[PDB]
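Here is the structure we will look at.
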2 protein chains.
Amino acid sequence: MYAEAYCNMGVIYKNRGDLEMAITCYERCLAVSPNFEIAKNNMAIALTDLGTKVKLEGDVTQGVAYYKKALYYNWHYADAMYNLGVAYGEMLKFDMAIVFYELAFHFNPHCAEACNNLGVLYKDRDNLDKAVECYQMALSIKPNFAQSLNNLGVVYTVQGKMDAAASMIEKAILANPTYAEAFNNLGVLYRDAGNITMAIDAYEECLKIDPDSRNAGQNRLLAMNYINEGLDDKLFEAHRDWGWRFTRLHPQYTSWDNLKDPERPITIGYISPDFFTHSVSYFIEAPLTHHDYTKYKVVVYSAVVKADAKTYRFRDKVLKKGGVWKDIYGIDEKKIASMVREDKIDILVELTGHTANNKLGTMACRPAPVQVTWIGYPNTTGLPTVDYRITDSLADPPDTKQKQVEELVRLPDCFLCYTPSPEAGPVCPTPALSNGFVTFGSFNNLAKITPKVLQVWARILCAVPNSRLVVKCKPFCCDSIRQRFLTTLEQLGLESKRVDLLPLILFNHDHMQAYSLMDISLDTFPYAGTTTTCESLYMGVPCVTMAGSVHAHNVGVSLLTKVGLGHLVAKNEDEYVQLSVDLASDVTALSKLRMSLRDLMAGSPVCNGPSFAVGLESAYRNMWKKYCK
Amino acid sequence: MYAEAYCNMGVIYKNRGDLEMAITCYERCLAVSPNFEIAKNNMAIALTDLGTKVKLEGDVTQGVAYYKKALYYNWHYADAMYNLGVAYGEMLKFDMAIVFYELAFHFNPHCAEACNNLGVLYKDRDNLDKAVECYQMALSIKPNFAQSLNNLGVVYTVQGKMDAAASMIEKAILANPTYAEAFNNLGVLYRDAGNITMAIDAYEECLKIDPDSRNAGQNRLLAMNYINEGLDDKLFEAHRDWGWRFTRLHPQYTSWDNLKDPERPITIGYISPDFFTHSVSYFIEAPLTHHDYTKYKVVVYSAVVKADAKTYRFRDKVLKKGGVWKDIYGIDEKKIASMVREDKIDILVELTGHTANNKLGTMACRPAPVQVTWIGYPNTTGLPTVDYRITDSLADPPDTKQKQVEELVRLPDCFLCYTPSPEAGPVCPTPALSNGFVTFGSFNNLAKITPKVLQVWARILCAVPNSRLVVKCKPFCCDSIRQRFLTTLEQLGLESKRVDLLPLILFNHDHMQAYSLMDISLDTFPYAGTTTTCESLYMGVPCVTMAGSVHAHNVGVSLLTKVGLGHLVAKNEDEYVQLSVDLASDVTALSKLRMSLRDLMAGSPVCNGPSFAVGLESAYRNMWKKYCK
Ligand SMILES: C[C@@H]1O[C@H](OP(=O)(O)OP(=O)(O)OC[C@H]2O[C@@H](n3cnc4c(=O)[nH]c(N)nc43)[C@H](O)[C@@H]2O)[C@@H](O)[C@H](O)[C@@H]1O
Ligand SMILES: C[C@@H]1O[C@H](OP(=O)(O)OP(=O)(O)OC[C@H]2O[C@@H](n3cnc4c(=O)[nH]c(N)nc43)[C@H](O)[C@@H]2O)[C@@H](O)[C@H](O)[C@@H]1O
């Protein structure tokens with residue numbers, strides 16, 4: 001009857017914190033008065049609070065049901081929509097989440113958190129402008145929001161605007177000191193900016209704040225890998241510490257069910273998070289199309305954030321050839337291990353290493369008898385659980401001084417196999433004849449460029465008169481970086497008129513054809529590029545690589561030796577200079593060499609598919625035979 | 001590249017009607033330009049059209065998925081929300097439907113259909129005011145909408161405002177001639193208004209428009225049941241035609257799996273759509289609480305639109321005593337039959353008949369070996385599939401001339417068992433002493449009142465000087481009905497100062513105690529009331545019923561004979577007059593009779609639970625024994 005007393009008691013209980021008594025009084029009051037607007041709104045508030053409390057325990061479905069009931073009681077309640085969107089993001093239902101966050105923002109403009117999360121979701125789908133404007137609106141509502149600032153820094157780092165990203169990241173750091181993701185992202189930006197010391201200092205601070213930060217430590221090892229000259233071994237100790245901590249942090253499986261018979265078809269699962277237009281994809285294009293599917297079964301574990309045309313064609317080839325394609329995006333590592341075990345897989349090959357969106361969590365438990373890393377992260381994995389790694393004799397000489405935590409297998413010919421792009425197109429003749437001077441070109445990452453490389457390149461330019469230099473890098477999208485690089489080059493005694501810094505090219509065939517203007521390709525050291533060397537050799541421009549005592553330093557040496565140009569490798573910097581001078585001496589030899597290298601690489605073992613496939617299958621058979629005995 | 005050509009081609013295909021080519025061009029254009037607002041909106045339009053086309057085929061889930069994708073493309077598209085709400089209403093997910101219809105209305109105020117459907121949904125949950133205002137808004141947008149007018153007429157008919165409902169129903173009929181639900185509802189209102197001839201004419205027109213209208217025909221038979229004097233038999237022929245058409249319209253099951261052993265516990269399933277505060281519920285309160293659950297298992301099939309406290313207590317008693325409670329609201333009859341068969345039920349008892357929200361669709365197939373009607377619709381069911389019906393010897397004398405399509409079983413004592421309300425309260429003494437005159441009272445439905453009853457009541461009033469008359473009926477909520485009734489009474493020679501027409505009482509105990517002002521209760525004929533007689537006898541006021549040749553006419557006779565007041569029954573109208581005069585002759589006898597009748601009914605077989613339960617269980621055992629042999 002008297003619903004006023006019931007609602008007053010319910011309000012008192014809610015303020016006191018008793019949800020059951022309050023919800024009972026609220027229920028009875030609404031039964032007495034079905035159209036009590038204030039009572040209905042308070043009922044919605046109480047149900048939202050109860051749903052949040054339940055979601056604290058972990059019952060997602062019950063919280064969602066309570067939220068839906070509250071929304072039914074009050075359709076235009078914003079916090080309910082926000083909670084629904086958060087839950088839908090948790091359950092990986094992205095479209096419903098987008099809709100609900102947008103509705104929450106429309107109803108309540110003052111919900112900056114919803115806008116920030118919407119920007120996050122849009123950025124996860126490579127909608128850069130939408131994320132930028134979402135974060136800008138978040139700043140418009142709450143200028144002092146740390147998460148929005150950090151994610152805007154992420155987006156600007158991806159876009160290449162390093163100065164603004166650095167400014168905003170520093171603003172976030174000074175806003176919140178106990179916030180490590182800002183340190184990690186500052187250091188990521190520093191690494192992509194071409195300087196390493198402050199990047200290492202940054203992740204060191206980050207690890208001090210967060211001892212158990214996986215991303216921070218992993219990228220810290222990656223950053224140290226850049227400046228490894230092969231003289232010190234503290235990097236090995238850091239890798240060992242990372243591996244031991246990671247192993248002690250996660251459980252492992254010691255049970256196996258695979259048959260002990262060494263004579264049976266092998267299930268090979270290629271697990272990789274980057275099957276889109278990535279360097280790795282190129283080198284995986286041929287083997288998948290070249291395996292004996294009947295003799296060896298093939299499965300794919302793709303964690304790609306966004307599938308592309310290459311992903312679709314790979315899926316078509318796998319399914320047509322008798323394979324299984326699976327998507328593992330947005331799944332916890334434990335579920336990944338469980339599904340891997342339940343798939344009766346024999347061997348697994350990971351192609352990520354300590355890189356973006358890696359899946360070392362799978363290796364945390366060793367779900368399969370054999371796990372091997374083959375391409376990504378040329379340096380040692382550092383995990384004791386990881387058993388073996390794939391390499392050759394050239395990049396890894398038997399007398400190497402590079403200690404490895406895991407055993408190595410030397411492939412007969414090489415462990416690289418490049419695949420031409422379908423629309424690569426013809427190669428234009430040597431432009432030296434048109435312009436009358438040599439134009440050295442480098443299409444490597446700025447992070448691989450070091451002061452030593454700059455000095456060597458300056459010596460190269462000064463050695464031969466009338467020499468041009470062209471460099472293509474993403475960080476050459478900002479004027480400040482360009483000015484700093486030009487000033488650094490001039491400090492060594494090089495004019496700025498002979499330097500051409502170019503930005504990225506969105507269209508792949510344009511990037512492929514951009515090699516037409518280059519004459520001689522020069523590789524950076526110590527962390528020498530791998531895909532760039534093959535890309536250059538395919539277009540006919542000669543490539544020069546310096547040797548070294550590290551596997552990554554010798555990748556280019558191995559590639560050049562295999563393709564048939566082993567005479568184009570210099571052991572020391574001085575020999576590099578003399579080789580470059582000899583190359584620049586004559587133009588006709590360079591021209592006809594450019595003409596021949598196309599067919600030379602076509603007929604080389606590098607481009608041979610069936611032979612490499614047979615060698616790799618024999619390697620797998622030997623691996624399984626060793627496991628059986 | 002050129003997305004303009006792709007979008008133009010897609011528009012051309014959509015106009016031409018080619019959905020596949022249009023969706024392909026739309027897909028490629030959005031891939032080229034991820035942020036083409038016009039292209040995105042047209043994509044949403046095309047997806048909505050495709051979803052509607054798919055839902056035409058019948059694939060509800062695929063249409064819902066397409067609608068959700070379209071909404072993701074365009075969050076503020078109203079038609080998508082409308083379609084989502086329609087689908088959610090189809091899948092019986094009511095709360096989500098309410099939310100989505102409300103959102104669609106908020107985005108697009110010009111969607112009168114969404115408002116109409118929202119009003120329908122709210123009315124389905126007894127939210128009368130919300131439905132009224134929804135339909136009023138629909139008229140505010142589209143005054144010429146037939147469905148909104150008809151449903152507003154429904155609501156006003158339920159509320160008791162018959163004049164406005166009739167006006168709006170006539171408006172709907174003249175708006176749309178080929179629209180039978182309007183005829184059915186006009187006739188329903190006429191039936192509830194107390195007049196039958198035009199109601200029968202109305203459903204006759206309705207059946208002419210729609211030969212296979214189940215509701216129209218069923219309620220047509222119900223209406224004829226009101227004016228049945230036991231002289232004509234055309235009603236039996238109409239029932240036979242209805243039964244034959246219904247049987248030929250639906251399939252039947254001829255397979256049985258129940259054991260042939262006559263000695264085993266019997267599973268009895270009480271199927272009824274009205275387990276809320278309804279007359280039937282009262283008479284079912286005792287048997288369920290009085291069965292031998294161990295010897296006979298009990299299950300309940302409730303199709304109640306809205307559960308109440310009585311429903312909750314019945315569920316508690318069933319579950320506590322060892323029974324199963326099931327809700328069958330919003331389920332197709334085929335699924336009902338399938339679940340009934342899968343429940344291993346032995347016998348089923350239906351308590352609806354040709355009444356509101358009946359479930360004769362279940363009887364269409366005879367899912368159980370034994371189906372019996374016991375309470376609802378005292379007249380014959382008319383379905384040949386229905387095997388047997390329950391009655392006694394008093395209301396159904398062995399020498400009856402009322403032919404029945406189904407065999408009858410005569411219970412030993414009676415087939416009625418009333419249950420007192422827990423809060424009935426004490427009975428006040430006879431008010432005749434306070435006021436000095438007799439006050440006849442009638443608490444029956446207006447539809448049961450006929451001109452013959454009015455003439456008889458006028459004769460009763462004129463016979464004894466200083467007599468008051470009080471009548472309680474729902475249609476006495478409108479002034480026009482009251483004036484018409486008073487004019488009709490005055491035309492027979494009765495003053496209006498001795499007539500008191502009262503409306504309904506919302507609170508049950510108030511209705512129970514309203515009998516305190518009554519002195520003698522008078523029953524209508526031929527369709528005599530059943531629950532009202534027991535309700536009156538429980539409060540101590542004597543009840544008078546005229547005999548007849550019909551079962552419904554003799555229900556009151558049987559009740560009065562069983563309770564012990566068989567001397568208070570008159571065979572003819574004249575004997576009714578003399579009995580009433582004799583009752584009114586003395587006041588002291590009436591007073592002490594009022595005092596005694598409480599205990600008299602308490603000790604009568606009518607209120608005896610265990611004895612009736614034993615008799616009913618013996619009846620069931622005999623039924624199963626007959627089935628076995
Ligand atoms: C397999 C891995 O390869 C890694 O090489 P890594 O440094 O990324 O050498 P990157 O040249 O930076 O790889 C980026 C890839 O993107 C493409 N790409 C390069 N420039 C452009 C451009 O300007 N526009 C567009 N649209 N695409 C471009 C090209 O296929 C190149 O291989 C090694 O670091 C690892 O050790 C390992 O060998
Ligand atoms: C079991 C069935 O009973 C049927 O009796 P039927 O006409 O509905 O006789 P009614 O009196 O109309 O039934 C309506 C029920 O609602 C309650 N009720 C009556 N008046 C009021 C009121 O003023 N206010 C409120 N809140 N409740 C009221 C009371 O329990 C009454 O039995 C027969 O027609 C069938 O043949 C069959 O016997």
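As shown in the structure tokens, the chain order sets the letters A, B, ...; within each chain, residues go from 1, and ligands are also counted from 1 in the order they appear.
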Selection within 8 Å of ligand 2 by only C-alpha atoms and all ligand atoms, output as a short mmCIF file (atom, residue, chain, number, x, y, z; two decimals) with N, CA, C and O atoms, in the first residue's frame:
data_model
loop_
_atom_site.label_atom_id
_atom_site.label_comp_id
_atom_site.auth_asym_id
_atom_site.auth_seq_id
_atom_site.Cartn_x
_atom_site.Cartn_y
_atom_site.Cartn_z
N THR B 277 -5.72 -15.35 -10.19
CA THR B 277 -6.90 -15.13 -9.36
C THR B 277 -8.13 -15.23 -10.26
O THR B 277 -8.71 -14.23 -10.70
N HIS B 278 -8.52 -16.47 -10.52
CA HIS B 278 -9.67 -16.79 -11.35
C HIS B 278 -10.57 -17.74 -10.57
O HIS B 278 -10.13 -18.42 -9.64
N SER B 279 -11.85 -17.78 -10.96
CA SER B 279 -12.78 -18.69 -10.30
C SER B 279 -12.25 -20.11 -10.32
O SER B 279 -12.24 -20.79 -9.29
N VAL B 280 -11.77 -20.57 -11.48
CA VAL B 280 -11.30 -21.94 -11.61
C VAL B 280 -10.24 -22.24 -10.55
O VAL B 280 -10.29 -23.28 -9.88
N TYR B 282 -9.83 -21.22 -7.60
CA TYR B 282 -10.42 -21.54 -6.30
C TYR B 282 -10.77 -23.02 -6.23
O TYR B 282 -10.34 -23.74 -5.32
N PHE B 283 -11.52 -23.50 -7.23
CA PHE B 283 -12.00 -24.87 -7.20
C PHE B 283 -10.90 -25.88 -7.46
O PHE B 283 -11.11 -27.08 -7.25
N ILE B 375 -14.20 -28.70 -15.59
CA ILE B 375 -14.80 -27.52 -14.96
C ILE B 375 -15.24 -26.52 -16.02
O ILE B 375 -16.44 -26.22 -16.14
N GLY B 376 -14.29 -26.01 -16.79
CA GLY B 376 -14.61 -24.94 -17.72
C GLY B 376 -15.60 -25.38 -18.78
O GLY B 376 -15.63 -26.54 -19.20
N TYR B 377 -16.43 -24.43 -19.21
CA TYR B 377 -17.39 -24.66 -20.27
C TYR B 377 -18.34 -25.80 -19.92
O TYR B 377 -18.21 -26.90 -20.45
N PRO B 378 -19.30 -25.56 -19.02
CA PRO B 378 -20.19 -26.65 -18.60
C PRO B 378 -20.85 -27.38 -19.77
O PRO B 378 -21.19 -28.56 -19.64
N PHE B 443 -24.48 -10.74 -7.73
CA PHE B 443 -23.09 -10.44 -8.07
C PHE B 443 -22.64 -11.24 -9.28
O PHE B 443 -21.50 -11.72 -9.35
N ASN B 444 -23.52 -11.41 -10.26
CA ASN B 444 -23.23 -12.19 -11.45
C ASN B 444 -22.87 -11.28 -12.62
O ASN B 444 -23.04 -10.06 -12.57
N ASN B 445 -22.37 -11.91 -13.68
CA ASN B 445 -22.02 -11.18 -14.89
C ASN B 445 -23.28 -10.64 -15.57
O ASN B 445 -24.34 -11.28 -15.57
N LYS B 448 -25.14 -12.78 -18.17
CA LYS B 448 -26.05 -13.81 -17.72
C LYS B 448 -27.44 -13.28 -17.40
O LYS B 448 -28.34 -14.07 -17.11
N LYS B 472 -24.11 -6.07 -8.85
CA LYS B 472 -22.71 -5.74 -9.05
C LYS B 472 -22.23 -6.35 -10.35
O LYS B 472 -22.27 -7.58 -10.52
N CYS B 473 -21.77 -5.51 -11.28
CA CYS B 473 -21.28 -5.96 -12.57
C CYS B 473 -20.23 -4.99 -13.07
O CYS B 473 -20.30 -3.78 -12.81
N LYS B 474 -19.26 -5.52 -13.81
CA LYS B 474 -18.23 -4.66 -14.39
C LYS B 474 -18.80 -3.66 -15.38
O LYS B 474 -18.50 -2.45 -15.26
N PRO B 503 -20.01 -0.90 -9.07
CA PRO B 503 -18.92 -1.37 -9.94
C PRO B 503 -18.07 -2.44 -9.27
O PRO B 503 -18.38 -2.89 -8.16
N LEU B 504 -16.99 -2.85 -9.93
CA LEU B 504 -16.11 -3.86 -9.38
C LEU B 504 -15.35 -3.30 -8.18
O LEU B 504 -15.28 -2.09 -7.95
N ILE B 505 -14.77 -4.22 -7.40
CA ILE B 505 -13.92 -3.88 -6.27
C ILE B 505 -12.55 -4.51 -6.51
O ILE B 505 -12.46 -5.72 -6.73
N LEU B 506 -11.51 -3.68 -6.47
CA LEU B 506 -10.17 -4.17 -6.80
C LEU B 506 -9.63 -5.12 -5.74
O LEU B 506 -8.85 -6.02 -6.06
N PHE B 507 -10.03 -4.93 -4.48
CA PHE B 507 -9.44 -5.65 -3.36
C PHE B 507 -10.34 -6.82 -2.98
O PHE B 507 -11.54 -6.63 -2.73
N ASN B 508 -9.75 -8.02 -2.94
CA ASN B 508 -10.55 -9.24 -2.89
C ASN B 508 -11.38 -9.33 -1.61
O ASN B 508 -12.57 -9.65 -1.65
N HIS B 511 -14.44 -7.30 -1.69
CA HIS B 511 -15.49 -7.96 -2.45
C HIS B 511 -16.15 -9.07 -1.64
O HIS B 511 -17.37 -9.24 -1.69
N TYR B 527 -28.09 -19.79 -17.94
CA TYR B 527 -26.67 -20.02 -17.65
C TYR B 527 -26.39 -19.54 -16.23
O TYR B 527 -25.85 -18.45 -15.99
N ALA B 528 -26.76 -20.38 -15.27
CA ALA B 528 -26.63 -20.02 -13.87
C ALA B 528 -25.17 -19.94 -13.46
O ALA B 528 -24.33 -20.70 -13.94
N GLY B 529 -24.87 -19.01 -12.55
CA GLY B 529 -23.52 -18.90 -12.03
C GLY B 529 -23.17 -20.08 -11.15
O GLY B 529 -24.03 -20.73 -10.56
N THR B 530 -21.87 -20.35 -11.06
CA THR B 530 -21.35 -21.48 -10.30
C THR B 530 -20.54 -21.02 -9.09
O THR B 530 -20.83 -21.41 -7.96
N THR B 531 -19.51 -20.19 -9.32
CA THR B 531 -18.69 -19.72 -8.21
C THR B 531 -19.44 -18.74 -7.33
O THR B 531 -19.21 -18.69 -6.11
N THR B 532 -20.35 -17.95 -7.91
CA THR B 532 -21.08 -16.96 -7.12
C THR B 532 -21.96 -17.64 -6.08
O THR B 532 -22.11 -17.15 -4.96
N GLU B 535 -19.76 -18.67 -3.27
CA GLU B 535 -19.28 -17.47 -2.58
C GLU B 535 -20.36 -16.91 -1.66
O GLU B 535 -20.08 -16.48 -0.54
N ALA B 552 -25.75 -26.54 -17.02
CA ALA B 552 -25.41 -25.25 -16.43
C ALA B 552 -26.57 -24.68 -15.64
O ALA B 552 -26.37 -24.01 -14.62
#
Residue list for chain A near chain B as a CSV table (one decimal) with N, CA and C atoms, in the first residue's frame, 7 Å, only C-alpha atoms:
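Wrote result_33.csv, looks like this:
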chain,number,residue,atom,x,y,z
A,72,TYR,N,16.0,-2.7,-19.3
A,72,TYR,CA,14.6,-2.8,-19.5
A,72,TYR,C,13.8,-1.9,-18.6
A,75,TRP,N,15.4,2.4,-20.1
A,75,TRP,CA,16.1,2.2,-21.4
A,75,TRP,C,17.2,3.3,-21.6
A,95,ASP,N,31.1,-6.0,-32.6
A,95,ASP,CA,30.1,-5.2,-33.2
A,95,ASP,C,29.1,-4.7,-32.2
A,99,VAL,N,28.4,-0.8,-31.0
A,99,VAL,CA,27.0,-0.2,-30.9
A,99,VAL,C,26.7,0.4,-29.5
From a DSSP pass on the backbone, collect the residues of region 174-385 of chain B flagged as strand (DSSP E) and hand them back as a PyMOL selection string.
chain B and resi 266-272+296-302+324-327+347-350+370-373
Could you take the residues named above and write them with N, CA, C and O atoms, as a CSV table (one decimal), in the first residue's frame?
chain,number,residue,atom,x,y,z
B,266,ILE,N,-0.5,-43.2,-11.6
B,266,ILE,CA,-1.0,-42.5,-12.8
B,266,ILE,C,-0.4,-41.1,-12.7
B,266,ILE,O,-0.4,-40.4,-11.7
B,267,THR,N,0.1,-40.6,-13.8
B,267,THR,CA,0.6,-39.2,-14.0
B,267,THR,C,-0.6,-38.4,-14.5
B,267,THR,O,-1.0,-38.5,-15.6
B,268,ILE,N,-1.0,-37.5,-13.6
B,268,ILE,CA,-2.2,-36.6,-14.0
B,268,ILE,C,-1.6,-35.2,-14.2
B,268,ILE,O,-1.0,-34.6,-13.3
B,269,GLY,N,-1.9,-34.7,-15.4
B,269,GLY,CA,-1.4,-33.3,-15.7
B,269,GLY,C,-2.6,-32.4,-15.9
B,269,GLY,O,-3.4,-32.5,-16.8
B,270,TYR,N,-2.7,-31.4,-15.0
B,270,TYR,CA,-3.7,-30.4,-15.0
B,270,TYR,C,-3.2,-29.3,-15.9
B,270,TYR,O,-2.2,-28.5,-15.6
B,271,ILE,N,-3.7,-29.1,-17.1
B,271,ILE,CA,-3.4,-28.1,-18.1
B,271,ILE,C,-4.5,-27.0,-18.0
B,271,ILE,O,-5.7,-27.3,-18.2
B,272,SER,N,-4.0,-25.8,-17.7
B,272,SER,CA,-5.0,-24.7,-17.6
B,272,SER,C,-4.3,-23.4,-17.9
B,272,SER,O,-3.2,-23.2,-17.4
B,296,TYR,N,-0.5,-41.2,-6.9
B,296,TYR,CA,-0.7,-40.5,-8.2
B,296,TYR,C,0.2,-39.3,-8.3
B,296,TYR,O,0.1,-38.4,-7.5
B,297,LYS,N,1.0,-39.3,-9.4
B,297,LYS,CA,1.9,-38.1,-9.6
B,297,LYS,C,1.1,-37.0,-10.3
B,297,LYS,O,0.2,-37.2,-11.0
B,298,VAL,N,1.5,-35.8,-10.0
B,298,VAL,CA,0.8,-34.6,-10.4
B,298,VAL,C,1.8,-33.7,-11.1
B,298,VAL,O,2.9,-33.5,-10.7
B,299,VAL,N,1.3,-33.2,-12.3
B,299,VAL,CA,2.1,-32.2,-13.0
B,299,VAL,C,1.1,-31.1,-13.5
B,299,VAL,O,-0.1,-31.3,-13.5
B,300,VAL,N,1.6,-29.9,-13.7
B,300,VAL,CA,0.9,-28.7,-14.0
B,300,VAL,C,1.4,-28.1,-15.3
B,300,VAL,O,2.6,-27.9,-15.5
B,301,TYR,N,0.5,-27.7,-16.2
B,301,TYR,CA,0.8,-27.0,-17.4
B,301,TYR,C,0.1,-25.7,-17.4
B,301,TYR,O,-1.1,-25.6,-17.8
B,302,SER,N,0.8,-24.6,-17.0
B,302,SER,CA,0.2,-23.3,-16.8
B,302,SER,C,0.6,-22.4,-18.0
B,302,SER,O,1.8,-22.3,-18.3
B,324,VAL,N,5.8,-31.6,-10.6
B,324,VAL,CA,6.6,-30.8,-11.6
B,324,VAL,C,5.7,-29.7,-12.1
B,324,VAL,O,4.6,-29.9,-12.5
B,325,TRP,N,6.3,-28.5,-12.1
B,325,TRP,CA,5.6,-27.3,-12.6
B,325,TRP,C,6.3,-26.8,-13.9
B,325,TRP,O,7.5,-26.7,-13.9
B,326,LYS,N,5.5,-26.6,-14.9
B,326,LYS,CA,6.0,-26.1,-16.2
B,326,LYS,C,5.2,-24.9,-16.7
B,326,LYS,O,4.0,-24.9,-16.5
B,327,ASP,N,5.9,-24.0,-17.4
B,327,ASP,CA,5.3,-22.8,-18.0
B,327,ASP,C,5.3,-23.0,-19.5
B,327,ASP,O,6.3,-23.3,-20.1
B,347,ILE,N,-2.7,-39.2,-18.0
B,347,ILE,CA,-4.0,-38.5,-18.2
B,347,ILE,C,-3.8,-37.0,-18.1
B,347,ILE,O,-2.9,-36.5,-17.4
B,348,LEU,N,-4.6,-36.3,-18.9
B,348,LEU,CA,-4.6,-34.9,-18.9
B,348,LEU,C,-6.0,-34.3,-18.7
B,348,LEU,O,-6.9,-34.8,-19.2
B,349,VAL,N,-6.0,-33.3,-17.8
B,349,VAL,CA,-7.3,-32.6,-17.5
B,349,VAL,C,-7.2,-31.2,-17.9
B,349,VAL,O,-6.3,-30.4,-17.4
B,350,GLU,N,-8.1,-30.8,-18.8
B,350,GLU,CA,-8.2,-29.4,-19.3
B,350,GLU,C,-9.3,-28.7,-18.6
B,350,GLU,O,-10.4,-29.2,-18.4
B,370,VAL,N,-5.8,-40.3,-22.5
B,370,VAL,CA,-7.0,-39.8,-21.8
B,370,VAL,C,-6.9,-38.3,-21.7
B,370,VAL,O,-5.9,-37.8,-21.0
B,371,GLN,N,-7.8,-37.6,-22.3
B,371,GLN,CA,-8.0,-36.2,-22.1
B,371,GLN,C,-9.4,-35.9,-21.6
B,371,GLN,O,-10.4,-36.4,-22.2
B,372,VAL,N,-9.6,-35.1,-20.6
B,372,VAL,CA,-10.9,-34.9,-20.0
B,372,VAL,C,-11.0,-33.4,-19.6
B,372,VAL,O,-10.1,-32.8,-19.1
B,373,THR,N,-12.2,-32.9,-19.9
B,373,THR,CA,-12.6,-31.6,-19.4
B,373,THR,C,-13.5,-31.7,-18.2
B,373,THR,O,-14.4,-32.6,-18.2
Contacts of residue 179 (chain A) at 9 Å or less, counting only C-alpha atoms, minus same-chain residues fewer than 2 places along, as a compact mmCIF listing (two decimals) with N, CA, C and O atoms, in the first residue's frame?
# COMPACT_ATOMS: atom_id res chain seq x y z
N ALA A 146 44.92 9.75 -18.41
CA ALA A 146 46.19 9.14 -18.76
C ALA A 146 46.04 8.12 -19.88
O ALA A 146 46.85 8.11 -20.82
N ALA A 172 51.73 12.17 -20.31
CA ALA A 172 51.10 11.09 -19.56
C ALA A 172 51.97 10.65 -18.39
O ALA A 172 51.47 10.42 -17.29
N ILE A 173 53.28 10.52 -18.62
CA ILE A 173 54.18 10.06 -17.56
C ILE A 173 54.16 11.03 -16.40
O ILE A 173 54.02 10.63 -15.23
N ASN A 176 50.81 10.68 -14.50
CA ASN A 176 50.73 9.49 -13.64
C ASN A 176 52.11 8.85 -13.55
O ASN A 176 52.61 8.32 -14.57
N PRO A 177 52.77 8.87 -12.38
CA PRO A 177 54.10 8.25 -12.29
C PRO A 177 54.04 6.73 -12.20
O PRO A 177 54.90 6.04 -12.74
N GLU A 181 53.00 1.35 -18.70
CA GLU A 181 52.73 1.27 -20.13
C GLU A 181 53.23 2.53 -20.83
O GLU A 181 53.69 2.46 -21.98
N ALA A 182 53.17 3.67 -20.15
CA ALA A 182 53.72 4.90 -20.71
C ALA A 182 55.23 4.78 -20.89
O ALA A 182 55.77 5.22 -21.91
N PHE A 183 55.93 4.21 -19.91
CA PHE A 183 57.37 4.01 -20.06
C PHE A 183 57.67 3.05 -21.21
O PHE A 183 58.56 3.30 -22.03
N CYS A 206 60.91 1.01 -16.45
CA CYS A 206 59.62 0.33 -16.51
C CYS A 206 59.65 -0.97 -15.70
O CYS A 206 58.73 -1.26 -14.93
N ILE A 209 59.55 -0.30 -12.09
CA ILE A 209 58.17 -0.08 -11.65
C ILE A 209 57.39 -1.39 -11.65
O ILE A 209 56.69 -1.71 -10.68
N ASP A 210 57.50 -2.16 -12.72
CA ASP A 210 56.78 -3.42 -12.87
C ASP A 210 57.76 -4.56 -13.11
O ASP A 210 58.17 -4.79 -14.26
Apply DSSP to the backbone of this structure and, from region 299-453 of chain B, keep only the residues in alpha helix (DSSP H); write these as a PyMOL selection string.
chain B and resi 309-321+333-342+360-363+432-435+451-453
Residue with the minimum atom-to-atom distance to residue 557 (chain B), picked from B:393, B:588, B:148, B:311 with only C-alpha atoms counted, is B:393
Shortest contact to ligand 1, candidates A:138, A:501, A:427, A:607, atoms counted only C-alpha atoms and all ligand atoms, goes to A:501
Within 10 Å of residue 524 (chain B), counting only C-alpha atoms, which residues show up once you throw out same-chain ones fewer than 4 positions away? Write them as JSON, numbers by chain, please.
{"B": [442, 443, 444, 445, 446, 447, 448, 449, 450, 452, 453, 454, 456, 457, 528, 529, 544, 545, 546, 553, 556]}
Could you check which of B:516, B:140, B:558, B:157 is closest to residue 193 (chain B), using only C-alpha atoms?
B:157
